[PDB]
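These notes are about the structure you will find just below.
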Number of protein chains: 4
Amino acid sequence: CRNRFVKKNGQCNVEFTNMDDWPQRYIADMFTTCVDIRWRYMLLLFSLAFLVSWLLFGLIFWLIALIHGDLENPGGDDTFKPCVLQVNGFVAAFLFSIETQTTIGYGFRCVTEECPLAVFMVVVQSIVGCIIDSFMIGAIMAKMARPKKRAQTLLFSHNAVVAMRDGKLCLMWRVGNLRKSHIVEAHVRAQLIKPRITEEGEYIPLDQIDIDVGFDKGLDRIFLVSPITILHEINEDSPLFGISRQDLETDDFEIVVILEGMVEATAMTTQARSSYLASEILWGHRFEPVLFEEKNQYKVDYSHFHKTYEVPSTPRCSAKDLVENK
Amino acid sequence: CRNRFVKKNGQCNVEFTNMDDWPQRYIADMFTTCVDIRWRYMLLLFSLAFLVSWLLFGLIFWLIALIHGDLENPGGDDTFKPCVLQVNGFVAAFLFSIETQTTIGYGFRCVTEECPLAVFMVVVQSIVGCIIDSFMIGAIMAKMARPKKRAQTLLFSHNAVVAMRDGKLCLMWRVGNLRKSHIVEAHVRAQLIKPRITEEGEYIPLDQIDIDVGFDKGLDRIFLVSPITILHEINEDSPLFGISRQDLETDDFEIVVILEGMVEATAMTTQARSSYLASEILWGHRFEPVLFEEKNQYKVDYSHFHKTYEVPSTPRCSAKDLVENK
Amino acid sequence: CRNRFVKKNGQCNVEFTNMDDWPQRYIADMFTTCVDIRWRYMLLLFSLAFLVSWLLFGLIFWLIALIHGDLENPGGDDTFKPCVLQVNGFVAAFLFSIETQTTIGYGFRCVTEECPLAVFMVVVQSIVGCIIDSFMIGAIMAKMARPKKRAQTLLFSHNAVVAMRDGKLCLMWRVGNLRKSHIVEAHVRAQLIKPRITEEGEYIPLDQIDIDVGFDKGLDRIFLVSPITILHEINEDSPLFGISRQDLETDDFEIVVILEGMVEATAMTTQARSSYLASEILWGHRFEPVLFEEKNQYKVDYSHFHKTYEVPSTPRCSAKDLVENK
Amino acid sequence: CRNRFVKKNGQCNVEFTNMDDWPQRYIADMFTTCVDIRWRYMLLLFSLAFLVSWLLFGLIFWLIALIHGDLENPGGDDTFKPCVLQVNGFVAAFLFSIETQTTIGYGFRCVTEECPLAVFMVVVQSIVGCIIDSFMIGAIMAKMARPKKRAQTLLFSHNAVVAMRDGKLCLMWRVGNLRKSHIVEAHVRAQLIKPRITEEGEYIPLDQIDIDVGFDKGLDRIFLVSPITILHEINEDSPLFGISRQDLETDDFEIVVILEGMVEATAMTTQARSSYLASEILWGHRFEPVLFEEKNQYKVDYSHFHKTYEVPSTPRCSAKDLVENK
Ligand SMILES: [K+]
Ligand SMILES: [K+]
Ligand SMILES: [K+]
Ligand SMILES: [K+]
Ligand SMILES: [K+]
Ligand SMILES: [K+]
Ligand SMILES: [K+]
Ligand SMILES: [K+]
Ligand SMILES: [K+]
């Protein structure tokens, strides 16, 4: 009923306001800012950087030509050599600047030995060009390689389920890899999200309470080839210990699930997230299998990935009742 | 007898099917897609990107020339200046485009000050060229540096063995580094792979059960210089606790072994994998030593790396029988 | 009263002296040195590298021209071909060098087929140019992407507080993310900093004593969306166990707090730090909430991020007195 | 007496032999191979790649010219247009190739519209040039950024010491950072290295036995600002439990120490190593302090970093005798 902290696709559902000093901080952390903005604006920013550098140096070569008399004798002759051949106006100056900085250098417009200032500006523009190119290459390479995109080829089940396994009542969900390339050093986390009032009267708008999936024995670390069903044993230390089927069907909470690991090609950590509201957890269900053996290999049928089937033998009471009654 | 989850060389033996939305996901995660495809196709993709950009701008300069009258007077004269000198047909237009975007700029074909649209297109093509170059550099650099390749210079023993060490029955295998450069933050994992039916009747096509190699004390973390024999103590918490030599010789299961760590040069995590079927585990054997001391250094003879020798004193019963009988 | 180990902004307050061999070590670890120096000097270093390479090759082409007779016949004729057309003096030689190495190549100054040494030098200069460009690109890209900058968009509360939660006396501080992009694999640490004399009489100028915030259960690992209040339970193993409110108000110590995690875009680890002196810890206070629900989402009001309010019911004695008395 | 596994500077003292398939493996893992070889050879390899590509395309343009008749009419005329202007011999062909691939493009030698094959080869050479440049940039950037170099600005003490602290006998050594930039996520390890025969008679040429420095409580994780003395408590689980001062002075073993963490600028993990032979451990000594307070900051005097002073009260018996006697 209460709206969700993170959406089914992993997007977090929180807006930040009154962050009054954000412009100064985003400027101080400019690179992060640059790679976070969408492609349109980042490429526009670098376009502007090129345009502005080309125009500035264009203006300088035009002024050098103006003062030297080159606009009146752009090709030169036996008794007059221009600072830069064929700068006859602002457009030609702009072209020479572009041709120099891009290093295209068609050469109709061409610096001469005559003016030390012109030679110096070609030196400076060349160095500046290399600097700007380096910034652009770096920004583009970083934005290209962003590992959050890998979450698009990782899959959480639409539902979580509650069912008995090896004598214990467990909360379960499924994760899968949609590529042949791996997620290295892969590991899973989960949290129960809900508001809470402490015994001292402190209101916590959204508390984040750990859902144990094996950390203490390193069993949170998974080797993900075929889809794996992640298990949370509901025992005396679980926050779901006193939750029966009926409680679940009239409760208001959210289970956030996280898969973290490194994109194999780049070794860069991605964080894939999803969320199960109380109403999206199916008590007394198990996932249909997807893995089956063939002649010389195994195969995964992903069309059954999200499918569940009901298990009538599943206890309807809480895990606490299971121990209390026994 | 049943076919293997991962091959001796670490390749996983699972095919994915009915992943109906894969094209849209692979497009959304395009960079991962690009660096995963083989060199042939990635380089072909970038070749096409260059060709297409060169052709498009080629067409634009040709059209500008056509409409301006330049095809009829490509060199210009006292009363007529072309938008781009020497564009006399489509091939010349294409050459000018290539020369501009690559920044070769031979300069026979050369933009003039005459046409604002031509100057604008040189600006746009230059920026576009830098963008495409940046994408290619990024993709090539990423594909070049892929740390999975480092597994080619890491070595697992062909067999695992079962033998007594310091009073305990242990499953053992060997790992080695085939370079002088290190694997930093190196650590080991193992899993027993087999189908299983739970007491509730749930069939698990392939369950993955942890094989303890010291995680709980940080002893899974290794300093790998000379080859190390990795040890799994078969005790009451091991899934091999009730497995005797005879059981092993008529059993059907697989032990997957993993070595993870960072390539020293790049600090990028590699995951090296191998596999031991029940029939590839040699009960009552130990590995021959490879390390020996010389005058001023140690030496490793890798020709004995895979070699084992039998130990007749090795108990033939399970670890459970060892405790039960004593 | 005693001055602080780390400042409120995370900067460490320690100077190093008599590090006599630092120049040799900084040279051996040159890349780290280069990316650590400020932008001004790094860009100046690369400017000098370009200038020096351009001048050196400039000198070589000038000498080739001098010895070949080209200074007297720079354009050549029917019976004489220069090594490089239009090298008529040192400035022209310098221009040709720049034009070759930058790859601008205007082409007025142009190598010919005549002199094998000139052709060889163009080959060598081209390769050298690519090497220097590669070093510059690498250095700039690394310096641009430095993840310490991300700490500018992470926020620690100005104060820490001491208050009761769920029946325990806890030291608390707040951390927040000032961007929509995440800090992946995020985790927290804290240390109490103070001088100490051991029972053996050894003086420790500043000892660093761990402040437990959940490491042993993996609860130091956080999922940071909206601001989180980090909790240190003051129990029998805490170094604050015997510290009452009055002790705190007349004590001399510092609590350093650390948030580490990976910048989402680059997966590069950042370390954000802050510090609370004894006098900056507010006994009997709690943080005002910042998170509230709207129609379809949650919102964080960062203007209340640092705000606290007093809780008169808070015990004034130490946690040790709480157990001792009960 | 027995020679050391790792040298005082961290270099490992082990040679590998009879690695018969190493060439094929080093080729399969070519990038690692390339960045591991010294600068001389890596830069030579890329030099050769340029030379070979320039020569090959040089040969192709020469052959095109030869067959087309261009060698006899290199400048062309009203009734004859060459494939590439001014290719009059092999050197000119080679120059055109260089000028095209480097993108210098002086333009005296210049492709025309005449020959589709010549245009195609300029296309192919341009793409090939970009590919080779990308490989070189990637290799150089990777080699430049190698984090092992950071170990040159990290420091281990020359000696380790044994002394009492807070009532326990401890093995101690010192680590320091020689830069203002940090080692993030820093943590320490240690191992005792020696040969061993198991109770079953198995000879282990060099066993590696963990030296506990706090892993189980996360105290192996350090915040390294000023130099820190790392502590190993010699208790019943330590391999040094039964080692007295006299034992130490006539024993043969080695303690390897490791500091791992991320270079702040690049977030790349470095591994710094050192070693203490039994004879390099000073029983009954402590390190001189280096940290002292000034007016507004702290200062570290690194000239006392390695210095120790004797503590006559230090027990001379083993830690086992300390408990056994008490
Ligand atoms: K160029
Ligand atoms: K040119
Ligand atoms: K533990
Ligand atoms: K000309
Ligand atoms: K370039
Ligand atoms: K990188
Ligand atoms: K880690
Ligand atoms: K050029
Ligand atoms: K030119």
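The chains referred to below are lettered A, B, ... by the order of the sequence lines, with proteins before strands, and numbering in each begins at 1. Heavy atoms only: backbone and side chains are in, while hydrogens, waters and symmetry mates are out.
Between the side chain of A:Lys168 and the backbone N or O of A:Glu233, no donor-acceptor pair lies under 3.5 Å. Remark: the backbone N or O of B:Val14 is paired with a side-chain donor or acceptor of A:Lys180 at under 3.5 angstrom. No donor-acceptor distance shorter than 3.5 angstrom exists from the side chain of A:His304 to the backbone of A:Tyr302, with no hydrogens or angles considered. Panel note: side chain C:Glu293, backbone A:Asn3; a donor-acceptor pair is recorded below 3.5 Å. Side-chain atoms of D:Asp216 never come within 3.5 Å of backbone atoms of B:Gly218 as a donor-acceptor pair (strictly under, hydrogens ignored). Checking side-chain atoms of A:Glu288 against main-chain N and O of A:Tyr309 turns up no donor-acceptor pair under 3.5 Å. In this structure, the side chain of B:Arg25 engages the main chain of A:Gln152 through a donor-acceptor pair within 3.5 Å. A side-chain donor-acceptor contact under 3.5 Å links C:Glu260 to the backbone of D:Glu185. The backbone N or O of B:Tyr26 lies less than 3.5 Å from a partner atom in the side chain of B:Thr33, making a donor-acceptor pair. A:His232 contributes no side-chain N or O that, together with a main-chain N or O of A:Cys170, makes up a donor-acceptor pair within less than 3.5 Å.
Annotation: A:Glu249, atom CD; neighbour count of heavy atoms from other residues, nucleotides and ligands within 6.0 Å is above 12. Counting non-hydrogen atoms of neighbouring residues, nucleotides and ligands closer than 6.0 angstrom, the NZ atom of A:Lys194 reaches no more than 12 such neighbours. Crowding of A:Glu199 atom CD: a count of heavy atoms from other residues, nucleotides or ligands under 6.0 Å exceeding 12. Counting non-hydrogen atoms of neighbouring residues, nucleotides and ligands closer than 6.0 angstrom, the NE2 atom of A:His306 exceeds 12 such neighbours.
The shortest side-chain heavy-atom distance between A:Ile281 and A:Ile255 falls under the 4.5 Å cut-off. Between A:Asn13 and A:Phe5, every side-chain heavy-atom pair lies at or beyond the 4.5 Å cut-off. Two residues are said to be in side-chain contact when any heavy atoms from C-beta on lie closer than 4.5 Å; A:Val162 and A:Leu169 meet this criterion. At a threshold of 4.5 Å between non-hydrogen side-chain atoms, the residues A:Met164 and A:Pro315 count as touching. You'll find the side chain of A:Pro195 stays beyond 4.5 Å of the side chain of A:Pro205, heavy atoms only. When side chains are defined from C-beta on, B:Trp22 does not count as touching A:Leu178, because their heavy atoms never get closer than 4.5 Å. Looking only at side-chain heavy atoms (C-beta outward), C:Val213 and C:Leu219 stay at 4.5 Å or farther from each other. In this structure the side chain of A:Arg179 reaches within 4.5 angstrom of the side chain of B:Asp36, judged on heavy atoms.
With 3.5 Å as the limit, one finds no donor-acceptor pair spanning the side chains of B:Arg146 and B:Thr270. Residues A:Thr32 and C:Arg150 bring no donor and acceptor atom of their side chains to less than 3.5 Å of each other. Using modelled atom types, one finds a donor on one side chain and an acceptor on the other under 3.5 Å when comparing A:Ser275 with A:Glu254. A donor-acceptor contact closer than 3.5 angstrom is absent between the side chains of A:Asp166 and B:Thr198. Residues B:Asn235 and B:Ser238 have side chains that never bring a donor and an acceptor to within less than 3.5 angstrom of each other. Side-chain contact of A:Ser303 with A:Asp301: a donor-acceptor pair under 3.5 Å is present, judged by distance alone. A side-chain N or O of A:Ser244 and one of A:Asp247 form a donor-acceptor pair less than 3.5 Å apart.
At least one test fails for B:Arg2 against the ring of B:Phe253: distance under 6.0 Å to the centre or angle within 45° of the axis. The cationic group of A:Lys307 does not satisfy the cation-pi geometry with A:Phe287, failing either the under 6.0 Å distance to the six-membered ring centre or the 45° limit from the ring axis. A cation-pi contact, defined as under 6.0 Å to the ring centre and within 45° of the axis, links A:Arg174 to A:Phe305. Taking the ring axis of C:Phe215 as reference, the NZ or CZ atom of D:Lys217 does not stay both within 45° of it and closer than 6.0 Å to the ring centre.
A tilted orientation is assigned to the rings of A:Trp173 and A:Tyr276, their planes being inclined by 30° to 60°.
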**Prompt:** Taking it one step at a time, do C:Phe292 and C:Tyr298 satisfy ring-ring contact (aromatic ring centres under 6.0 Å, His included)?
**Reply:** CA-CA 6 Å; C:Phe292 64 96; C:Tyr298 296 90; 9.2 Å; no

**Request:** Check the pair C:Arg165, C:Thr229 against side-chain hydrogen bond (donor to acceptor under 3.5 Å, both in side chains), reporting the backbone distance first and the verdict last.
**Result:** CA-CA 12 Å; C:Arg165 185 174 289 193; C:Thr229 300; 5.0 Å; no

**Request:** Step by step, work out the side chain to side chain contact (heavy atoms under 4.5 Å, CB included) result for A:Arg273 and A:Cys12.
**Result:** CA-CA 9 Å; A:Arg273 300 175 298 277; A:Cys12 295; 4.0 Å; yes

**Working for side-chain hydrogen bond (donor to acceptor under 3.5 Å, both in side chains), residues A:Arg189 and A:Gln191** = CA-CA 7 Å; A:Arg189 296 151 65 185; A:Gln191 293 188 326; 5.9 Å; no

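Remark: A:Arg4 engages A:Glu280 in a salt bridge, criterion side-chain N to carboxylate O under 4.0 Å. Between A:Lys149 and B:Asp29, none of the side-chain N atoms (NZ, or NE/NH1/NH2) sits under 4.0 Å from a carboxylate O, so this pair counts as no salt bridge.
Annotation for A:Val175 and A:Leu224: closest pair O-CD1, 3.8 Å, computed over non-hydrogen atoms.
In this structure, A:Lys7 has no side-chain hydrogen bond (donor to acceptor under 3.5 Å, both in side chains) partners at least two apart in sequence or on a different chain.
Between A:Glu202 atom CD and A:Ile204 atom CD1 the span is 5.5 Å, to the nearest 0.5 Å.
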